[PDB]
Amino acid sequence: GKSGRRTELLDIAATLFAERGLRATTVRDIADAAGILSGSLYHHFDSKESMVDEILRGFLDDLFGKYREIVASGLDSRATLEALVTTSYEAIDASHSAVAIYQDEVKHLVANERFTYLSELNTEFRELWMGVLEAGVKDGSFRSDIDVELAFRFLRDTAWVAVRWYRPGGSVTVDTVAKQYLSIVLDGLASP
């Protein structure tokens, strides 16, 4: 009973945070959406803050666990990059609200002690992905005339942007979207 309700309340909060933003969503907004009063919410959660933290960690622990294993898995450089990107798109489908909060809603969490892990993960994401780029330039998979930091920043800044329009459960599979993004970024939009 209680554990399932907790999960439901947390998902309602995630959806409101993704739509309205973190700073503009109150515990009363969450409670209203759940058909309860704020007191009932506090029986399950310490704070709005703790809800955000749990939503972000659920998503990021899983995501970074996959990134880390992909890079350690022995795939060649192009396949490694393809797997990393595909994993990101799969999260847009599976964890849509969390991705939206991560992409558009957490600029201002950097100021908060409790969310220092976000900056650590930014450092780590660069290490992982830019490392793959470096290895693929060295091994001939990727072009040697593109700056690796610029290429990294392009990948980083375009990882989550589809969350603004992508609808989970639509006829357009997140897989179709990943494959096309990868075909453009790796092989180019121009006719060969």
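Residue numbers here begin at 1 and follow the sequence given.
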Check your understanding: What stretch has the higher average Cα B-factor here, 119-127 or 35-43?
Key -> 35-43
Exercise for review: Output the stretch having the higher mean C-alpha B factor in the entry; the candidates are 180-188 and 166-174.
Suggested key: 166-174
Practice item. Among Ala72, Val110, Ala83, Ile101, single out the one with the highest C-alpha B factor in the record, please. Key: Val110
Revision key, fill the gap. On the chain's distribution of Cα B-factors, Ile92 falls within the third called middle
**Study point:** Third of the chain, ranked by Cα B-factor, where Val148 sits
**Key:** lowest
Exercise for review: Could you say whether, by C-alpha temperature factor, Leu56 belongs to the lowest, middle or highest third of its chain?
Suggested key: middle
Exercise for review: State the tercile, meaning the lowest, middle or highest third, of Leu133 with respect to the CA B-factors recorded for its chain.
Suggested key: lowest
Point to revise | Chain thirds of CA B-factor: placement of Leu63 | key: lowest
